[PDB]
Amino acid sequence: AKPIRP
Amino acid sequence: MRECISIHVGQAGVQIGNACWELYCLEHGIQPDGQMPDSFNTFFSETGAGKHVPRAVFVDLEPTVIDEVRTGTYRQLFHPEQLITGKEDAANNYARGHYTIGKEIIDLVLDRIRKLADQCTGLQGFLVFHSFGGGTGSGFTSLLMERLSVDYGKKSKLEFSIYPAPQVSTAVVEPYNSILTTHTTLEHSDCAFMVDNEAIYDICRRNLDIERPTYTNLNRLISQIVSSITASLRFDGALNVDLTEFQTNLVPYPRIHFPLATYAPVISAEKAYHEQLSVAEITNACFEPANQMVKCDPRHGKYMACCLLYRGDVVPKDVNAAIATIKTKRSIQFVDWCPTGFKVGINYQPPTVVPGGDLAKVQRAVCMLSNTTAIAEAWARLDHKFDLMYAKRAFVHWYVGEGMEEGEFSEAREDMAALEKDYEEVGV
Amino acid sequence: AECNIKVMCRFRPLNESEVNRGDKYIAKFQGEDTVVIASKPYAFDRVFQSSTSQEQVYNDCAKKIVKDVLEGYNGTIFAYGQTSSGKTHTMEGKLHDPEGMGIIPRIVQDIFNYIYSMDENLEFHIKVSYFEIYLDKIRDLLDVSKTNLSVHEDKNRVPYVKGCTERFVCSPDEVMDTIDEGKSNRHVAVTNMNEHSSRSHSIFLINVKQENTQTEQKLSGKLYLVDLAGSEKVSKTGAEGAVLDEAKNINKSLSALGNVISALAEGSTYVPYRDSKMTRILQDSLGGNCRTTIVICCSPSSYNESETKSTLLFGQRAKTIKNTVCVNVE
Amino acid sequence: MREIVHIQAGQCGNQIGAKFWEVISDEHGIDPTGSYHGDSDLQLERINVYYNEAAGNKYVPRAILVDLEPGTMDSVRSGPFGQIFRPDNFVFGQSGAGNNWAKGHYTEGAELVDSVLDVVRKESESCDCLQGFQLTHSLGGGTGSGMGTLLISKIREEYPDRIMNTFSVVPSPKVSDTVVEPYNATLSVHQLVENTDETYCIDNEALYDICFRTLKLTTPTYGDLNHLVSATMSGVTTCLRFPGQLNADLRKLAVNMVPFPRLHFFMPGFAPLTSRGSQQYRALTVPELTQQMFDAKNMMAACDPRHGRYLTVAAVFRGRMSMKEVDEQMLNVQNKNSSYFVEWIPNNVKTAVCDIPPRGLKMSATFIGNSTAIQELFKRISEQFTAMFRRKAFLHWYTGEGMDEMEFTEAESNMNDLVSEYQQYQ
Ligand SMILES: CC(=O)O[C@H]1C(=O)[C@@]2(C)[C@H]([C@H](OC(=O)c3ccccc3)[C@]3(O)C[C@H](OC(=O)[C@H](O)[C@@H](NC(=O)c4ccccc4)c4ccccc4)C(C)=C1C3(C)C)[C@]1(OC(C)=O)CO[C@@H]1C[C@@H]2O
Ligand SMILES: Nc1nc2c(ncn2[C@@H]2O[C@H](COP(=O)(O)OP(=O)(O)OP(=O)(O)O)[C@@H](O)[C@H]2O)c(=O)[nH]1
Ligand SMILES: Nc1ncnc2c1ncn2[C@@H]1O[C@H](COP(=O)(O)OP(=O)(O)NP(=O)(O)O)[C@@H](O)[C@H]1O
Ligand SMILES: Nc1nc2c(ncn2[C@@H]2O[C@H](COP(=O)(O)OP(=O)(O)O)[C@@H](O)[C@H]2O)c(=O)[nH]1
Ligand SMILES: [Mg+2]
Ligand SMILES: [Mg+2]
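Protein chains in written order, with the working numbering: chain S, 8 to 13; chain G, 6 to 433; chain X, 509 to 838; chain L, 799 to 1224.
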């Protein structure tokens, strides 16, 4: 699990 | 000497060839074992003492029927290297015959033909026997014709096909195979004589009074026709005709090389009597639409060129009278641009009757090979069946799954449509 | 709402193998969206001429699909054509060239840029799948152990491949590395028409799952990028042996795809999706919840006129297919 | 050349295969000990198709018999024609499936499928030109449906370019022998559709009807039904063994009779079929054979062909007969029944004639029909499956062995798609 965010 | 190479492909081809070679061996007085107890070099080759090796190449992907030849009465006639068998059949698949399974015995048949060619001095042409619709007789014959065109080319190439009938048919993928093979082999064959089993069935029913015709009788009739076609080379007579003569008299334009044959008199032993069987009568009966060997009425079209090959006791005065009577008739339509569409050939050898055969001993006979525009309607109905099957795209995956593009069907349809339009144009 | 398939046509420059053998440019272009071959109109959304660059085709074809995938819809882009037509060049091309990169690198770079440009309250998970179809077998191009896989169905009856390696990504560098590893395991054979002919139907899958912290709204997105193999003819390809078997399977699968496209175009009932693995995977792409664009690449030489006409007819029939696309709200 | 590997899975498959091998051996003149005492050379000419050789002119059939219980294998061995089989070929476990598809396809069948495949592979390697595989099973059982499906899938993935013709026994409509017939049938069809080239659907109800009406048998037994199935099994592949005027292999029949990949479920038939005391009065000729073949009562599947349209028909004749007679009979049959035949396929019938009749008969034939009426059987199977699946009845036995509900839904969706496809072409 590797989320990305702005 | 003038010699021809005979090639038989597929079950129909090999059955026809067995009948043809029995007829030839009886004609030249050759026992099935190959020992005779000239005029035989055209179809037979001579060994040091006795044995005669026919110039034949029997090829089939099914080993069954070639094995029947190998074990039959004509076991010691052919050189066993000539009879070629594979492992599996073409399964009524043009793709299997041409691309996948055909390209495993094509080298062997090419080598056998080349070896036979090196042993003939005055080669005249090839007599290819095959059947449209079958997997082998539509795929393997196309590959063989392509190879023969590439290799020899200048040599003549004659075909004796079994055209699919209008109504009577056996396979379900027959229109696909027929259109594919007629698209591929239009540019290679020089004169393809077509027959259909339905017409020969009808001829047997009406003439020989046999209500149950089978493949043996049809093959015997085809053998008689081909013997009449090639008898000019073997024996002497007035106005002998060669294969180049056939091609240059029966093919007006390069893309029109699909004549239809007719034979007469086809009578039984009972009707051998009570009939004069005169030359004029035989010619008239040969021009009748019911006696044609393709299911098409010539009255719905115009004759382009017609060559007659008379046999037996025939005098040119009778031939001229018969031709004049035919010309004066109004029902027959000969095209404007062919003022003389008649070629004649007389040979002194009467037709022979195989023992245990339906045909009767007759003094004289003819083989009328005509190029009429009435063959367009057969192409029309074949194209209609193809279009009906291809609109729903039925059975296409079987052909596509063995190396054939979906666009090849459209290309073949376009070529057949072009052939139809060309026939219509030459008609007017 | 209903949206149509956006078929776009691309014509490549003549290659060396055709320019040196008596060939002539048969394609004649008029306007900006029509192509005339042998005096027969063929109207598409946009027809690209010979000199069209990669930036142009990407901006006119795939930029909308990135925003659609991020917003929550589904997308699908696949290339159909003859051997040596431009499918691999259009889709991927040279992987690292700034000017020669195809649809896939531009899509991934723009998807990451739009993610960076979004609002701060959103969170995203991106997963990448990459497989191919070979001899009616689905092989994972990221793990060679998966020799063959199976296409199953979901609860709401949408097909999907089970067991494909789902590698999470964070930056476009990992996506590019995954693409490279998948490409190196793809099957390539040398035919007469093309030196690097692809013998498998590659598929690129990216799921962009979207979650909002404030409003708890969760949106999904499934983007399919497919690079089909071309229709081949034994006369031109000269295949013998394994290459012939590959050609047989490729022709069978492409015929199945043509059958399903014709079925959708004719408004039939059965719409045979189940005749092949490729037709199964792209079922929702063609007749379901996807906005798909077909990029048909066609050879403009006189030596491939029949194949070019077949490809253009396939594209024309595909333009009339209607799709029902709705936002995936979980 | 063109050999056929024969597989018997389950009690039904084994008791049909035993009669099949007795029938074939009688046709080829092979006595039970494996010796030969025939009368014609055409028997030994193609004895390689269904037999191998051994020292001392002993012929061992290439039969591979598999089951999860040894009782039926023991019954086959102790029978009158049981010692002909190779003793190494019998592959059997000891825990039966108990009419559980999951047990026969996931847990118990997996422990035997490896040795089964080893025997199959050895037999195939010993073959010269492998033409195809032959399997007999019953879809409504545990060992049959599951193990046969698993073995079919494995052999298909091992030999992708060879025919796989399976003679399966579909559940009877009116009478259900086992309470788990719908589940097993649907789960077996879900893989038969994808992993077979031509499957022949037989249901015992039609066999009982044929025996009671045509054969006029007071007490039909399983032996008679297996005998009637063995007759059509032999007649399908008669061209592979004997010469004939027109020859058709299994792949030829598949090309002719399978228009689209998923429509390969066929209804078998046979003729002539008369009762003792009636042969002296009948007329043995081609028109009679064609009328009997195309009748609805003679079909060996519980699907009336009148409620549908034929797609493709194969007629594998046998004996001495005129080709023109056969073609005329087929043409007039197509003409008189234009409503029951499809119009976008001209010449729906196929004909093959083999010039060797079965013993004691002057003429014989076999009927293979691809009718859209076969959707009725699948429709009723799907209806029963939905009825038993809405309420989760009899489901824990299958779920306890490792299956999932999603697999059942996938199988139902596949069956419904096949039904829709068949409905479309009507
Ligand atoms: C005096 C005479 O001619 O007797 C016939 C006979 O009367 C009839 C009624 C037979 C007879 O068949 C039956 O009664 C029968 C019983 C159970 C299941 C099916 C049929 C016959 O028993 C069956 C037997 O069949 C054969 O011999 C075939 O080779 C057949 N053999 C077997 O099925 C077989 C039976 C026992 C052991 C080994 C083989 C066969 C058919 C197809 C493929 C291979 C073999 C024949 C002609 C007869 C009898 C003896 C009365 C019929 O059957 C067959 C298969 O030919 C029934 O309708 C036909 C028409 C026959 O004329
Ligand atoms: N005249 C004649 N026609 C035949 C004969 N056998 C088959 N045919 C016709 O040929 C067609 C079937 O093709 P075949 O020649 O048997 O098939 P094949 O060429 O052997 O190809 P495969 O068997 O599929 O490998 C049908 O139209 C038959 O009517 C025959 O002995 N004589
Ligand atoms: N737009 C283009 N401009 C320049 N060269 C191109 C273009 N499109 C294709 N080519 C060249 O054609 C060759 C590639 O064929 P490619 O475009 O890879 O065929 P393909 O569609 O992948 N063939 P196939 O896999 O059999 O369907 C390459 O070496 C490209 O350089
Ligand atoms: N004709 C015939 N049918 C059978 C025989 N044994 C079982 N059946 C049928 O096969 C079905 C049961 O499947 P079965 O093969 O016994 O289960 P399995 O052993 O797990 O494969 C039922 O419809 C039975 O009527 C037999 O010996 N002959
Ligand atoms: Mg054959
Ligand atoms: Mg490629």
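Heads up, the beta-carbon is just placed ideally off N, CA and C, and yes, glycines get one too.
Taking 8 angstroms as the threshold (C-beta atoms), are residue j and residue i in contact?
| i | j | result |
| --- | --- | --- |
| residue 745(X) | residue 737(X) | no |
| residue 1055(L) | residue 1166(L) | yes |
| residue 416(G) | residue 188(G) | yes |
| residue 611(X) | residue 551(X) | no |
| residue 644(X) | residue 785(X) | yes |
| residue 320(G) | residue 25(G) | no |
| residue 979(L) | residue 938(L) | yes |
| residue 39(G) | residue 55(G) | yes |
| residue 368(G) | residue 318(G) | yes |
| residue 436(G) | residue 134(G) | The question about residue 436(G) has no answer, for chain G in this structure spans 6 to 433. |
| residue 136(G) | residue 15(G) | yes |
| residue 375(G) | residue 223(G) | no |
| residue 1066(L) | residue 1098(L) | yes |
| residue 715(X) | residue 730(X) | yes |
| residue 1028(L) | residue 864(L) | no |
| residue 117(G) | residue 71(G) | no |
| residue 204(G) | residue 270(G) | no |
Using the beta-carbon of each residue, which ones in chain C are nearer than 7 angstroms to residue i?
| i | result |
| --- | --- |
| residue 742(X) | Of the protein chains in the structure, S, G, X and L, none is chain C. |
**Item:** Positions along the segment 1054–1078 of chain L whose CB lies within less than 8 angstroms of some CB in chain X
**Value:** 1058, 1059, 1060
**Pocket of ligand 5 defined by Cβ to heavy atom distance under 5 angstroms** = 16(G), 67(G), 94(G)
**Message:** Which complete alpha helix (DSSP H) runs does the segment 291–369 of chain G hold, if anything under 4 residues is left out?
**Reply:** 321–333
**Request:** Specify which residues have a beta carbon nearer than 5 angstroms to any heavy atom of ligand 6, listing them in chain order.
**Result:** The set of residues with a C-beta under 5 angstroms from any non-hydrogen atom of ligand 6 comprises 596(X), 706(X), given in chain order.
**Asked** ligand 1: which residues have Cβ under 6 angstroms from any of its heavy atoms, chain order?
**Response** Listed along the chain, these residues meet the criterion: 820(L), 821(L), 824(L), 825(L), 1022(L), 1025(L), 1026(L), 1029(L), 1032(L), 1070(L), 1071(L), 1072(L), 1074(L), 1077(L), 1156(L), 1157(L), 1158(L), 1159(L).
**Request:** Only counting runs of 3 or more residues, tell me where the beta strand (DSSP E) segments fall wholly within the segment 111–185 of chain G, in order along the chain.
**Result:** 127–134, 161–167
**Prompt:** How about the segment 993–1000 of chain L and the segment 825–838 of chain X: do they share at least three Cβ pairs that are nearer than 8 angstroms?
**Reply:** no
**Item:** 4-residue-minimum alpha helix (DSSP H) runs that sit fully inside the segment 738–782 of chain X, ordered along the chain
**Value:** The alpha helix (DSSP H) runs of length 4 or more contained entirely in the segment 738–782 of chain X are, from start to end of the chain, 742–745, 750–774.
**Asked** When you check each C-beta in the segment 1018–1045 of chain L against every C-beta of chain G, which residues fall closer than 7 angstroms?
**Response** 1041, 1043, 1044, 1045
**Asked** Between the segment 517–536 of chain X and the segment 416–429 of chain G, are three or more C-beta pairs nearer than 8 angstroms?
**Response** No: fewer than three Cβ pairs fall under 8 angstroms.
**Prompt:** Residues in the segment 373–407 of chain G with C-beta within 7 angstroms of chain X's C-beta atoms, listed in sequence order?
**Reply:** 398, 401, 402, 405, 406, 407
**Request:** Using a Cβ-Cβ cut-off of less than 7 angstroms, give me the residues of the segment 208–225 of chain G that come near chain L, in sequence order.
**Result:** 217, 218, 219, 220
**Item:** Short-range partners of chain G found in the segment 1120–1154 of chain L, where Cβ spacing is below 7 angstroms
**Value:** 1120, 1121, 1122, 1123, 1125, 1129, 1142, 1143, 1144, 1145, 1146, 1148, 1149
**Request:** Could you pull out every unbroken alpha helix (DSSP H) segment of at least 4 residues lying fully inside the segment 1180–1215 of chain L, listed in chain order?
**Result:** 1194–1197
**Request:** For the segment 1119–1135 of chain L and the segment 1143–1150 of chain L, state whether three or more C-beta atom pairs, one from each stretch, are separated by less than 8 angstroms.
**Result:** yes
**Message:** Which complete beta strand (DSSP E) runs does the segment 574–607 of chain X hold, if anything under 3 residues is left out?
**Reply:** Fully enclosed beta strand (DSSP E) runs of 3 or longer: 583–589.
**Request:** Evaluate contact between the segment 897–913 of chain L and the segment 1200–1216 of chain L, counting only Cβ atoms and requiring at least three cross-stretch pairs below 8 angstroms.
**Result:** yes
**Asked** Whole beta strand (DSSP E) runs in the segment 917–993 of chain L with 3 or more residues, listed along the chain?
**Response** 928–936, 961–967
**Message:** By the 9 angstroms beta-carbon criterion, what residues does the segment 174–201 of chain G contribute toward chain L?
**Reply:** 174, 175, 176, 177, 178, 179, 180
**Request:** Flag this pair as touching only if the segment 1018–1029 of chain L and the segment 1076–1083 of chain L have three or more C-beta atom pairs under 8 angstroms; answer yes or no.
**Result:** With the cut-off at 8 angstroms, the segment 1018–1029 of chain L and the segment 1076–1083 of chain L do not touch.
**the segment 760–782 of chain X: positions lying closer than 9 angstroms to chain G by Cβ** = 760, 762, 763, 764, 766, 767, 770
**Message:** When you compare the segment 957–973 of chain L with the segment 921–933 of chain L, are there three or more beta-carbon pairs, one atom per stretch, that lie closer than 8 angstroms?
**Reply:** Judged by Cβ distances under 8 angstroms, the segment 957–973 of chain L makes contact with the segment 921–933 of chain L, as three or more pairs qualify.
**Message:** Residues of the segment 663–679 of chain X in Cβ contact with chain L at a cutoff of 9 angstroms, in chain order, please.
**Reply:** 663, 665
**Message:** Using 8 angstroms as the cut-off, can you tell me whether the segment 374–391 of chain G makes contact with the segment 177–188 of chain G, which would need three or more C-beta pairs spanning the two stretches below that distance?
**Reply:** yes
**Request:** Taking only beta carbons into account, state which residues of the segment 80–102 of chain G come closer than 9 angstroms to chain X, listed in chain order.
**Result:** Residues of the segment 80–102 of chain G whose Cβ lies closer than 9 angstroms to any Cβ of chain X, in chain order: 100.
**Prompt:** According to a CB-to-CB cut-off of less than 7 angstroms, which residues of the segment 801–828 of chain X neighbour chain G?
**Reply:** 814, 815, 818
**Asked** Counting Cβ pairs closer than 8 angstroms, one from the segment 881–899 of chain L and one from the segment 802–819 of chain X, do we hit at least three?
**Response** Too few Cβ pairs lie closer than 8 angstroms, so no.
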